[PDB]
Amino acid sequence: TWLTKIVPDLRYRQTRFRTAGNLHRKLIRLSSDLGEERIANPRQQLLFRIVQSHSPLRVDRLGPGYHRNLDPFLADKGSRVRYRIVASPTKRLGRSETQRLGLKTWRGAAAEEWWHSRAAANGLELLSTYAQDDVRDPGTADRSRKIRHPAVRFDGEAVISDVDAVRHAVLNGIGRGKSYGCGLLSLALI
Amino acid sequence: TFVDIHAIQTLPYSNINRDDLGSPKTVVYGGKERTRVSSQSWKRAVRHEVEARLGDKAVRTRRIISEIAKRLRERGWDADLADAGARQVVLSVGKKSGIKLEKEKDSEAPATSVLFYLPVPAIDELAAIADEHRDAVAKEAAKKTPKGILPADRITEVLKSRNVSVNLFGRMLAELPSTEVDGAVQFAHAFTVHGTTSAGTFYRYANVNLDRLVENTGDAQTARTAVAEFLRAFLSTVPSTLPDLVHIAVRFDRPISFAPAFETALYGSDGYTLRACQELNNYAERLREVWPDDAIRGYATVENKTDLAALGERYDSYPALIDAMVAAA
Amino acid sequence: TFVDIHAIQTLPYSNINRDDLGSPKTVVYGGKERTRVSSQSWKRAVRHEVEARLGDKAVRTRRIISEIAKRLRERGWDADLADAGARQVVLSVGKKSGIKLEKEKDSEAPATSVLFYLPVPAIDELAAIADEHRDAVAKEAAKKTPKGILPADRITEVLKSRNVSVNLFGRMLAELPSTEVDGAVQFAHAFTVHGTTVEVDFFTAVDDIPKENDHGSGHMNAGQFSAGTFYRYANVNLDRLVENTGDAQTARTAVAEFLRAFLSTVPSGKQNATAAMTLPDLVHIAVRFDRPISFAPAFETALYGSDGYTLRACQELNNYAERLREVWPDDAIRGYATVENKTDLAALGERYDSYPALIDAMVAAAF
Amino acid sequence: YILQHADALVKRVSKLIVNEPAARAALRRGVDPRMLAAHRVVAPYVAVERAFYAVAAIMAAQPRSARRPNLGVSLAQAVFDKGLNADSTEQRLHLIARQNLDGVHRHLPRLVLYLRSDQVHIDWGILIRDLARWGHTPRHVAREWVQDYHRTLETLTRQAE
């Protein structure tokens with residue numbers, strides 16, 4: 001993957017970045033050759049935090065006046081790391097008249113429960129927690145509608161337990177709503 | 001006369017208290033941001049442990065009318081008479097016609113403008129005072145703008161009753177200055193020893209002005225029990241781990257916090273416990289050198305790798321340490 | 001003749017002094033805003049420790065009539081004659097018929113227009129002078145527009161009595177210019193060495209008995225605090241202080257206890273909520289003969305940060321002290337005491353191991 | 001003019017603060033590099049620039065308890081109604097009325113954020129255009145603020161006859 005800090009502005013003085021869906025579109029429009037290899041039941045083979053990518057980004061309209069690339073092969077389980085992730089802890093329930101509900105004890109401790117489930121065998125670590133976004137499309141046809149997503153910002157220190165598994169987590173993403181700002185997991189050596 | 005207790009306590013993945021948006025509260029201290037657990041939260045947890053352990057419970061509530069109304073309804077009053085009587089109890093006090101009330105909420109009695117901090121049995125005495133005037137209440141419920149009938153001086157005297165929690169932390173109610181009690185305990189904001197970009201080793205500090213506490217409770221043995229139970233609550237409880245190090249000192253001249261000891265943020269990469277204990281030791285020695293005093297010190301730690309000489313005589317366990325120095329005061 | 005004391009003292013998440021709105025007071029100094037503790041507040045803390053430690057207590061009050069009325073009531077007077085007699089005490093002073101009085105408060109004696117700053121025993125003597133004229137007061141209380149009866153010279157001579165706090169900080173009374181005493185101590189506004197942004201902690205108050213709507217609403221007020229390493233400075237003009245106290249020995253005790261109090265006290269501003277008690281990281285007393293010199297320009301360039309400011313601040317005060325002793329040559333006796341041992345700090349003179357040794361030694365070094 | 005974009009900022013931003021916490025926390029830290037996290041929300045609609053960015057950030061740094069009239073009338077009504085100190089808010093008004101464009105944004109946050117504390121109504125759009133009016137007519141806007149305050153205080157006191 002490769003990491004870059006880009007900035008999006010609004011093209012005129014009337015706001016013709018107002019909504020999340022337009023953020024998705026603006027993000028995808030800055031990558032020409034795109035591919036999507038999907039499998040049923042698991043996740044998909046970019047990710048973003050309110051940017052990691054496979055293809056070379058080139059600046060577009062109303063952006064920076066200038067255009068790093070990393071692979072985790074260089075240089076261990078047991079080590080503590082810096083962390084931040086914005087995700088959406090959820091539960092799937094039956095609704096009268098299915099559905100997605102945020103309460104998965106509801107509160108910090110349920111969120112840590114959400115952590116042991118989401119991390120599983122990967123890395124046991126310090127997820128800063130809070131349990132507590134609305135959006136609607138600008139009108140473009142067949143392009144989603146309006147709704148609400150609840151994001152979270154976890155920060156802390158992790159220990160690694162299975163390098164290749166951590167690689168799977170870092171590149172696939174952890175949790176729903178990756179397309180609305182969530183998913184990107186950042187670790188750093190202490 | 002100033003019992004001050006220092007403690008270093010790491011907390012693993014606690015994230016006990018969040019701001020309104022969920023991030024842990026942070027201090028940019030020493031030029032670098034360090035997550036902290038606010039003093040008011042720990043003060044509340046500690047007071048809940050103290051009330052739970054000593055059996056006396058204090059109640060800080062904005063809706064006293066509803067609770068006293070519930071007791072009077074259990075005393076055999078009709079619901080409407082219970083509501084009118086409780087409205088008279090809170091209306092009959094204060095300089096102006098009565099304590100200001102918030103706009104009425106559907107199905108329940110209106111909440112008072114200011115929060116009340118009084119013992120549960122004090123609520124029971126208020127119910128009794130509202131009970132003994134049943135005919136005045138029965139006649140007084142019919143008027144459109146009812147005024148207070150209950151004696152104001154006696155009610156203020158019931159509101160003057162102090163719980164252990166009130167003696168220890170103090171209270172404030174602007175409308176009745178006769179009831180105000182100055183707190184005897186200072187509770188510092190626990191910040192991390194090291195810079196943190198959560199978990200970490202918080203440094204914690206607190207003072208107990210024993211002389212002011214003795215004036216509040218009045219008797220010295222009850223002040224002793226209050227102090228011992230308070231210290232024990234401070235160490236044992238977690239806002240929802242045992243502290244890695246505790247250092248109580250009995251200062252006669254003045255309380256001295258060791259927060260400057262950690263003004264130089266710790267670098268990291270290695271376990272902060274060892275470096276933190278050594279730094280608090282070194283800073284304690286240097287302060288005892290700079291400010292000579294006869295303050296009785298003492299500490300208790302789980303690790304045996306060091307014999308922090310400056311922290312005075314070492315005690316093997318938390319209860320032995322608390323008991324020896326509290327008994328020494 | 002000018003004892004000046006410098007000090008570096010950090011305070012953690014203190015919020016020692018609030019404006020009327022709760023923000024800590026700030027100076028935009030050196031182009032960057034830095035929180036400060038006002039000189040008058042800390043001066044009050046110092047004066048309370050000095051009066052408490054030296055035993056003589058001064059009273060700055062606007063309602064002296066009420067207190068004198070209380071003493072006359074404890075002297076066996078009925079409440080109305082005590083009130084009238086104290087009114088005579090304050091009526092008997094000033095150029096015009098008397099000291100202007102604030103609008104009368106129900107059930108209590110009126111407060112004087114100007115604040116009074118006098119020792120407690122002076123109040124007791126005023127009560128005695130008002131006591132020896134009981135019959136004149138008894139006849140004089142009945143008239144509609146009572147005139148002053150007490151001798152003006154004796155009472156005015158009583159109002160001139162000076163406390164240690166008065167000798168040290170001075171007093172002002174515009175209506176009685178004979179009693180005004182020039183203060184002998186200058187107390188600078190302690191500001192932070194480094195730039196500090198006010199950090200606001202949102203706090204809420206839990207209602208103990210559960211209610212569904214209010215707990216869910218979770219609506220609360222915001223409290224602003226700040227932290228940092230304050231620089232502190234103060235002067236004592238010894239010759240004028242000796243003229244005020246009169247004796248040099250009483251001036252010496254006043255100075256030693258004042259300096260020690262200066263190190264020991266902390267203003268106590270929201271200290272139950274937060275414990276800001278702390279000893280200064282560095283102290284540098286100098287006995288300047290030509291003029292007192294503050295080292296505030298040393299910190300006009302705000303410190304950048306990222307690392308602990310205490311050590312860098314001590315080193316900056318050191319280099320600036322060396323450069324000033326070079327630029328302004330003098331025989332002033334310097335001296336310091338510090339907790340850190342990482343540096344020698346050569347310019348601050350001979351080092352003393354402890355604060356009381358430093359204070360006693362240099363004050364003894366001045367007389 | 002200006003007031004049109006100001007209204008876009010008030011609705012748009014009024015929704016992002018009360019709606020999304022990460023943006024609310026990223027813009028409130030700038031009440032300079034330290035505020036660049038805020039441009040991502042406010043930069044596209046912008047002396048006026050300093051006005052917009054500051055008012056949006058300050059508007060955003062309020063407690064949740066707080067989430068065509070001017071600011072003077074809002075202050076006077078806050079004094080009369082909420083019972084704030086009158087004489088003291090008086091000197092703070094008299095100190096802001098003298099500041100320059102850079103001084104208004106450094107003396108302003110305490111009174112406005114504290115005013116919104118205890119739920120005082122504040123029309124942010126007028127305040128924005130006012131902060132924009134410091135670049136051309138500082139003294140004029142200052143005079144309007146003070147005059148509005150005293151006049152509305154007087155009328156509110158006289159109408160309580």
# chains A, B, ... in the order shown; residues from 1 in each chain; ligands from 1

call {"tool": "residues_around", "arguments": {"residues": "residue A:62", "least_positions_apart": "5", "cutoff": "10 Å", "atoms": "only C-alpha atoms", "output": "list in words"}}
result
residues 7, 8, 9, 10, 11 and 12 of chain A; 44 of chain D

call {"tool": "write_last_selection", "arguments": {"atoms": "C-alpha atoms", "output": "CSV table (one decimal), in the first residue's frame"}}
result
chain,number,residue,atom,x,y,z
A,7,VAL,CA,-6.5,17.9,0.9
A,8,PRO,CA,-9.9,18.4,-0.6
A,9,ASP,CA,-11.6,21.9,-0.9
A,10,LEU,CA,-14.9,23.1,-2.3
A,11,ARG,CA,-14.5,24.3,-5.9
A,12,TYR,CA,-16.5,27.6,-5.6
D,44,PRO,CA,-13.9,26.9,0.8

call {"tool": "residues_around", "arguments": {"residues": "stretch 134-147 of chain C", "least_positions_apart": "2", "cutoff": "7 Å", "atoms": "only C-alpha atoms", "output": "list in words"}}
result
residues 84, 85, 131, 132 and 149 of chain C

call {"tool": "write_last_selection", "arguments": {"atoms": "N, CA and C atoms", "output": "JSON list (two decimals), in the first residue's frame"}}
result
[["chain", "number", "residue", "atom", "x", "y", "z"],
["C", 84, "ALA", "N", -25.53, 53.32, 67.75],
["C", 84, "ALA", "CA", -25.39, 54.77, 67.74],
["C", 84, "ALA", "C", -23.98, 55.20, 68.13],
["C", 85, "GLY", "N", -23.37, 54.51, 69.10],
["C", 85, "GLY", "CA", -22.01, 54.86, 69.49],
["C", 85, "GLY", "C", -21.00, 54.60, 68.40],
["C", 131, "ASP", "N", -16.41, 53.90, 74.60],
["C", 131, "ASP", "CA", -17.02, 53.42, 75.84],
["C", 131, "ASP", "C", -16.97, 54.49, 76.92],
["C", 132, "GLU", "N", -15.84, 55.19, 77.04],
["C", 132, "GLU", "CA", -15.72, 56.16, 78.13],
["C", 132, "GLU", "C", -16.69, 57.34, 78.00],
["C", 149, "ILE", "N", -19.06, 63.48, 68.61],
["C", 149, "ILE", "CA", -18.71, 63.90, 69.96],
["C", 149, "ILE", "C", -17.30, 63.47, 70.33]]

call {"tool": "interface_residues", "arguments": {"of": "chain A", "to": "chain B", "cutoff": "12 Å", "atoms": "only C-alpha atoms", "output": "PyMOL selection string"}}
result
chain A and resi 79-84+107-109+111-112+115+124-132+151-158+187-190

call {"tool": "atom_distance", "arguments": {"atom1": "atom CA of residue A:166", "atom2": "atom CA of residue A:71"}}
result
12.9 Å

call {"tool": "closest_atom_pairs", "arguments": {"of": "chain B", "to": "chain C", "cutoff": "8 Å", "atoms": "only C-alpha atoms", "output": "CSV"}}
result
residue,atom,partner,partner_atom,distance
B:19,CA,C:202,CA,6.2
B:20,CA,C:202,CA,6.8
B:25,CA,C:201,CA,7.1
B:27,CA,C:199,CA,7.3
B:28,CA,C:227,CA,7.8
B:29,CA,C:227,CA,6.4
B:30,CA,C:308,CA,5.0
B:31,CA,C:306,CA,4.9
B:32,CA,C:306,CA,5.6
B:39,CA,C:273,CA,6.7
B:40,CA,C:273,CA,7.1
B:59,CA,C:208,CA,6.0
B:60,CA,C:208,CA,5.6
B:61,CA,C:207,CA,4.7
B:62,CA,C:207,CA,6.4
B:63,CA,C:209,CA,7.9
B:115,CA,C:207,CA,7.9
B:183,CA,C:272,CA,7.0
B:184,CA,C:272,CA,7.9
B:185,CA,C:272,CA,6.4
B:186,CA,C:272,CA,4.3
B:187,CA,C:274,CA,5.5
B:188,CA,C:274,CA,4.5
B:189,CA,C:274,CA,6.2
B:205,CA,C:275,CA,7.6
B:206,CA,C:275,CA,7.0
B:207,CA,C:275,CA,7.6
B:254,CA,C:264,CA,7.9
B:255,CA,C:277,CA,6.4
B:256,CA,C:278,CA,5.2
B:257,CA,C:278,CA,5.4
B:258,CA,C:278,CA,7.3
B:259,CA,C:12,CA,6.7
B:260,CA,C:10,CA,6.4
B:263,CA,C:308,CA,5.5
B:264,CA,C:308,CA,4.2
B:265,CA,C:308,CA,6.5
B:283,CA,C:339,CA,7.8
B:286,CA,C:339,CA,5.6
B:287,CA,C:339,CA,6.6
B:289,CA,C:354,CA,6.4
B:290,CA,C:354,CA,4.0
B:291,CA,C:354,CA,6.0
B:292,CA,C:354,CA,7.4

call {"tool": "residues_around", "arguments": {"residues": "stretch 82-96 of chain D", "least_positions_apart": "6", "cutoff": "12 Å", "atoms": "only C-alpha atoms", "output": "mmCIF file with N, CA, C and O atoms, in the first residue's frame"}}
result
data_model
loop_
_atom_site.group_PDB
_atom_site.id
_atom_site.type_symbol
_atom_site.label_atom_id
_atom_site.label_comp_id
_atom_site.auth_asym_id
_atom_site.auth_seq_id
_atom_site.Cartn_x
_atom_site.Cartn_y
_atom_site.Cartn_z
ATOM 1 N N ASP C 19 -10.749 35.165 35.760
ATOM 2 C CA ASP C 19 -11.341 36.476 35.538
ATOM 3 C C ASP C 19 -12.746 36.411 36.101
ATOM 4 O O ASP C 19 -13.080 35.485 36.843
ATOM 5 N N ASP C 20 -13.591 37.370 35.754
ATOM 6 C CA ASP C 20 -14.954 37.291 36.249
ATOM 7 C C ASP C 20 -15.684 36.142 35.581
ATOM 8 O O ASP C 20 -16.699 35.665 36.101
ATOM 9 N N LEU C 21 -15.157 35.676 34.455
ATOM 10 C CA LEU C 21 -15.757 34.635 33.646
ATOM 11 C C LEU C 21 -15.106 33.266 33.766
ATOM 12 O O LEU C 21 -15.541 32.334 33.086
ATOM 13 N N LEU D 71 -24.758 41.783 18.680
ATOM 14 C CA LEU D 71 -24.152 41.182 19.864
ATOM 15 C C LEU D 71 -24.388 42.016 21.107
ATOM 16 O O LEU D 71 -24.480 41.474 22.214
ATOM 17 N N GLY D 72 -24.482 43.331 20.933
ATOM 18 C CA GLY D 72 -24.769 44.201 22.056
ATOM 19 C C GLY D 72 -26.144 43.962 22.640
ATOM 20 O O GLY D 72 -26.311 43.881 23.857
ATOM 21 N N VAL D 73 -27.144 43.817 21.774
ATOM 22 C CA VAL D 73 -28.490 43.540 22.248
ATOM 23 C C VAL D 73 -28.569 42.169 22.897
ATOM 24 O O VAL D 73 -29.303 41.982 23.874
ATOM 25 N N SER D 74 -27.779 41.213 22.407
ATOM 26 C CA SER D 74 -27.745 39.892 23.020
ATOM 27 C C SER D 74 -27.123 39.956 24.403
ATOM 28 O O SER D 74 -27.593 39.294 25.335
ATOM 29 N N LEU D 75 -26.080 40.770 24.555
ATOM 30 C CA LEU D 75 -25.459 40.947 25.861
ATOM 31 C C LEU D 75 -26.379 41.658 26.840
ATOM 32 O O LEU D 75 -26.524 41.217 27.983
ATOM 33 N N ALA D 76 -27.003 42.761 26.425
ATOM 34 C CA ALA D 76 -27.910 43.452 27.335
ATOM 35 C C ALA D 76 -29.072 42.561 27.748
ATOM 36 O O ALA D 76 -29.417 42.492 28.935
ATOM 37 N N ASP D 102 -6.895 42.238 15.028
ATOM 38 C CA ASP D 102 -6.278 41.109 15.704
ATOM 39 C C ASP D 102 -6.656 41.068 17.179
ATOM 40 O O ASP D 102 -6.650 39.995 17.788
ATOM 41 N N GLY D 103 -7.048 42.204 17.753
ATOM 42 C CA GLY D 103 -7.382 42.213 19.162
ATOM 43 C C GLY D 103 -8.787 41.725 19.433
ATOM 44 O O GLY D 103 -9.050 41.125 20.479
ATOM 45 N N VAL D 104 -9.703 41.965 18.500
ATOM 46 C CA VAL D 104 -11.075 41.518 18.698
ATOM 47 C C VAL D 104 -11.117 40.003 18.818
ATOM 48 O O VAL D 104 -11.846 39.452 19.648
ATOM 49 N N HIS D 105 -10.351 39.304 17.983
ATOM 50 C CA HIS D 105 -10.362 37.850 18.004
ATOM 51 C C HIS D 105 -9.633 37.257 19.204
ATOM 52 O O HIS D 105 -9.810 36.065 19.472
ATOM 53 N N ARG D 106 -8.853 38.047 19.951
ATOM 54 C CA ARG D 106 -8.223 37.551 21.169
ATOM 55 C C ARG D 106 -8.930 37.974 22.454
ATOM 56 O O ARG D 106 -8.699 37.358 23.498
ATOM 57 N N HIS D 107 -9.805 38.980 22.407
ATOM 58 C CA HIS D 107 -10.520 39.425 23.599
ATOM 59 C C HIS D 107 -11.948 38.931 23.556
ATOM 60 O O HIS D 107 -12.598 38.775 24.595
ATOM 61 N N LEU D 108 -12.398 38.640 22.345
ATOM 62 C CA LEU D 108 -13.747 38.209 22.045
ATOM 63 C C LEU D 108 -14.090 36.818 22.589
ATOM 64 O O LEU D 108 -15.150 36.680 23.226
ATOM 65 N N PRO D 109 -13.221 35.808 22.457
ATOM 66 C CA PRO D 109 -13.637 34.450 22.856
ATOM 67 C C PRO D 109 -14.106 34.295 24.280
ATOM 68 O O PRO D 109 -15.069 33.544 24.503
ATOM 69 N N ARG D 110 -13.512 34.990 25.247
ATOM 70 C CA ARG D 110 -13.994 34.774 26.598
ATOM 71 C C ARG D 110 -15.436 35.259 26.758
ATOM 72 O O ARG D 110 -16.296 34.473 27.194
ATOM 73 N N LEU D 111 -15.759 36.477 26.338
ATOM 74 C CA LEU D 111 -17.126 36.949 26.543
ATOM 75 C C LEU D 111 -18.136 36.184 25.708
ATOM 76 O O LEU D 111 -19.256 35.962 26.159
ATOM 77 N N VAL D 112 -17.827 35.896 24.443
ATOM 78 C CA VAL D 112 -18.840 35.210 23.643
ATOM 79 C C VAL D 112 -19.042 33.759 24.072
ATOM 80 O O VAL D 112 -20.181 33.281 24.126
ATOM 81 N N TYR D 114 -18.418 32.472 27.023
ATOM 82 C CA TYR D 114 -19.022 32.522 28.338
ATOM 83 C C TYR D 114 -20.449 33.040 28.242
ATOM 84 O O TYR D 114 -21.299 32.676 29.044
ATOM 85 N N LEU D 115 -20.725 33.901 27.279
ATOM 86 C CA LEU D 115 -22.078 34.370 27.087
ATOM 87 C C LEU D 115 -22.950 33.226 26.631
ATOM 88 O O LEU D 115 -24.044 33.035 27.152
ATOM 89 N N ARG D 116 -22.468 32.433 25.672
ATOM 90 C CA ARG D 116 -23.242 31.281 25.242
ATOM 91 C C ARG D 116 -23.360 30.297 26.385
ATOM 92 O O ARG D 116 -24.299 29.502 26.418
ATOM 93 N N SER D 117 -22.404 30.316 27.314
ATOM 94 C CA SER D 117 -22.606 29.562 28.540
ATOM 95 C C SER D 117 -23.785 30.193 29.263
ATOM 96 O O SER D 117 -23.922 31.419 29.253
ATOM 97 N N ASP D 118 -24.634 29.375 29.881
ATOM 98 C CA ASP D 118 -25.913 29.825 30.421
ATOM 99 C C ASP D 118 -26.861 30.243 29.298
ATOM 100 O O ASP D 118 -27.607 31.211 29.432
ATOM 101 N N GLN D 119 -26.819 29.496 28.191
ATOM 102 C CA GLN D 119 -27.695 29.553 27.018
ATOM 103 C C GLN D 119 -28.223 30.941 26.656
ATOM 104 O O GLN D 119 -29.413 31.234 26.821
ATOM 105 N N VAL D 120 -27.323 31.840 26.266
ATOM 106 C CA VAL D 120 -27.686 33.147 25.724
ATOM 107 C C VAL D 120 -27.764 33.069 24.205
ATOM 108 O O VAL D 120 -26.882 32.483 23.565
ATOM 109 N N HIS D 121 -28.811 33.649 23.616
ATOM 110 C CA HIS D 121 -28.961 33.544 22.172
ATOM 111 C C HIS D 121 -27.951 34.447 21.486
ATOM 112 O O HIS D 121 -27.806 35.614 21.834
ATOM 113 N N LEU D 131 -17.199 40.812 12.440
ATOM 114 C CA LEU D 131 -15.768 40.561 12.454
ATOM 115 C C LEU D 131 -15.165 40.849 11.092
ATOM 116 O O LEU D 131 -13.970 41.135 10.990
ATOM 117 N N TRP D 134 -14.381 44.721 10.672
ATOM 118 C CA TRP D 134 -13.205 45.306 11.307
ATOM 119 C C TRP D 134 -12.125 45.666 10.295
ATOM 120 O O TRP D 134 -11.303 46.543 10.566
ATOM 121 N N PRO D 138 -13.562 49.483 11.735
ATOM 122 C CA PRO D 138 -13.511 48.870 13.072
ATOM 123 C C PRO D 138 -14.290 49.681 14.076
ATOM 124 O O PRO D 138 -15.129 49.153 14.819
ATOM 125 N N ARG D 139 -14.007 50.981 14.094
ATOM 126 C CA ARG D 139 -14.656 51.884 15.027
ATOM 127 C C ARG D 139 -16.160 51.915 14.809
ATOM 128 O O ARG D 139 -16.924 51.954 15.774
ATOM 129 N N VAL D 141 -18.242 49.465 13.631
ATOM 130 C CA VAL D 141 -18.842 48.256 14.191
ATOM 131 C C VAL D 141 -18.768 48.290 15.712
ATOM 132 O O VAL D 141 -19.692 47.846 16.401
ATOM 133 N N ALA D 142 -17.645 48.743 16.264
ATOM 134 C CA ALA D 142 -17.552 48.823 17.715
ATOM 135 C C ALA D 142 -18.657 49.722 18.258
ATOM 136 O O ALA D 142 -19.378 49.347 19.195
ATOM 137 N N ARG D 143 -18.821 50.909 17.665
ATOM 138 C CA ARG D 143 -19.856 51.829 18.118
ATOM 139 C C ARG D 143 -21.234 51.201 18.024
ATOM 140 O O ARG D 143 -22.051 51.358 18.934
ATOM 141 N N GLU D 144 -21.514 50.486 16.933
ATOM 142 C CA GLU D 144 -22.805 49.818 16.826
ATOM 143 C C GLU D 144 -22.984 48.808 17.952
ATOM 144 O O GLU D 144 -24.056 48.738 18.558
ATOM 145 N N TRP D 145 -21.970 47.985 18.228
ATOM 146 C CA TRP D 145 -22.118 47.002 19.299
ATOM 147 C C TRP D 145 -22.471 47.680 20.620
ATOM 148 O O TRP D 145 -23.459 47.327 21.275
ATOM 149 N N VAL D 146 -21.667 48.669 21.023
ATOM 150 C CA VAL D 146 -21.905 49.333 22.307
ATOM 151 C C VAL D 146 -23.271 50.013 22.319
ATOM 152 O O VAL D 146 -24.067 49.823 23.253
ATOM 153 N N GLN D 147 -23.570 50.814 21.298
ATOM 154 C CA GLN D 147 -24.860 51.492 21.251
ATOM 155 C C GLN D 147 -26.006 50.513 21.364
ATOM 156 O O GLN D 147 -26.943 50.728 22.131
ATOM 157 N N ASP D 148 -25.975 49.440 20.575
ATOM 158 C CA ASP D 148 -27.037 48.459 20.674
ATOM 159 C C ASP D 148 -27.170 47.954 22.095
ATOM 160 O O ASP D 148 -28.272 47.810 22.623
ATOM 161 N N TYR D 149 -26.022 47.686 22.747
ATOM 162 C CA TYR D 149 -26.086 47.198 24.116
ATOM 163 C C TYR D 149 -26.802 48.191 25.030
ATOM 164 O O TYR D 149 -27.815 47.834 25.650
ATOM 165 N N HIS D 150 -26.317 49.419 25.143
ATOM 166 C CA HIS D 150 -26.963 50.365 26.053
ATOM 167 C C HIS D 150 -28.398 50.684 25.675
ATOM 168 O O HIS D 150 -29.269 50.771 26.538
ATOM 169 N N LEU D 153 -30.541 47.772 26.571
ATOM 170 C CA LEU D 153 -30.631 47.664 28.022
ATOM 171 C C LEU D 153 -31.612 48.681 28.580
ATOM 172 O O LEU D 153 -32.457 48.357 29.421
#

call {"tool": "select_by_dssp", "arguments": {"residues": "stretch 161-305 of chain B", "states": "strand (DSSP E)", "output": "tab-separated table (two decimals) with C-alpha atoms, in the first residue's frame"}}
result
chain	number	residue	atom	x	y	z
B	185	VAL	CA	-9.88	17.35	51.06
B	186	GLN	CA	-7.97	18.54	48.02
B	187	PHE	CA	-8.04	16.20	45.04
B	190	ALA	CA	-4.39	12.56	37.82
B	191	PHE	CA	-2.27	12.99	34.67
B	192	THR	CA	0.05	10.51	32.95
B	200	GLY	CA	-0.59	4.70	31.19
B	201	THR	CA	0.87	5.39	34.58
B	202	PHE	CA	-1.15	8.15	36.18
B	203	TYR	CA	0.33	10.20	39.00
B	204	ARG	CA	-2.25	10.91	41.70
B	205	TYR	CA	-2.16	13.26	44.68
B	206	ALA	CA	-4.53	14.36	47.41
B	207	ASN	CA	-4.55	16.39	50.61
B	208	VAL	CA	-6.57	16.06	53.78
B	209	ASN	CA	-6.57	19.08	56.07
B	245	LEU	CA	3.34	2.90	44.66
B	246	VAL	CA	1.82	4.86	47.52
B	247	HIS	CA	3.53	7.54	49.63
B	248	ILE	CA	1.63	9.16	52.49
B	249	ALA	CA	3.23	12.02	54.39
B	250	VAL	CA	1.96	13.91	57.41
B	251	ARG	CA	3.06	17.50	56.82
B	296	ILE	CA	6.14	11.88	59.16
B	297	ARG	CA	6.56	10.05	55.83
B	298	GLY	CA	5.90	6.49	54.72
B	299	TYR	CA	5.35	4.40	51.60
B	300	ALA	CA	4.24	1.00	50.30
B	301	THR	CA	5.18	-0.65	47.01

call {"tool": "closest_atom_pairs", "arguments": {"of": "chain D", "to": "chain A", "cutoff": "10 Å", "atoms": "only C-alpha atoms", "output": "tab-separated table"}}
result
residue	atom	partner	partner_atom	distance
D:4	CA	A:14	CA	9.2
D:5	CA	A:14	CA	7.3
D:8	CA	A:14	CA	8.0
D:12	CA	A:18	CA	7.9
D:13	CA	A:18	CA	10.0
D:15	CA	A:134	CA	9.0
D:16	CA	A:133	CA	8.3
D:18	CA	A:133	CA	9.2
D:19	CA	A:133	CA	5.5
D:20	CA	A:133	CA	5.1
D:21	CA	A:133	CA	8.2
D:22	CA	A:50	CA	7.9
D:23	CA	A:50	CA	8.4
D:37	CA	A:7	CA	10.0
D:39	CA	A:9	CA	8.3
D:40	CA	A:9	CA	6.5
D:41	CA	A:17	CA	7.7
D:42	CA	A:9	CA	9.0
D:43	CA	A:9	CA	7.2
D:44	CA	A:10	CA	5.0
D:45	CA	A:13	CA	5.1
D:46	CA	A:13	CA	7.4

call {"tool": "select_by_dssp", "arguments": {"residues": "stretch 114-310 of chain C", "states": "alpha helix (DSSP H)", "output": "PyMOL selection string"}}
result
chain C and resi 120-132+134-140+152-158+164-169+212-217+238-245+248-264+309-310

call {"tool": "residues_around", "arguments": {"residues": "residue A:139", "least_positions_apart": "4", "cutoff": "12 Å", "atoms": "only C-alpha atoms", "output": "PyMOL selection string"}}
result
chain A and resi 16+19+21-22+143-146

call {"tool": "residues_around", "arguments": {"residues": "residue B:170", "least_positions_apart": "2", "cutoff": "10 Å", "atoms": "only C-alpha atoms", "output": "PyMOL selection string"}}
result
(chain B and resi 117+162-168+172+180-185+213+216) or (chain C and resi 272)

call {"tool": "atom_distance", "arguments": {"atom1": "atom CA of residue B:156", "atom2": "atom CA of residue B:97"}}
result
14.5 Å

call {"tool": "residues_around", "arguments": {"residues": "residue C:235", "least_positions_apart": "3", "cutoff": "9 Å", "atoms": "only C-alpha atoms", "output": "ChimeraX atom specification"}}
result
/C:2-5,184-188,292-294
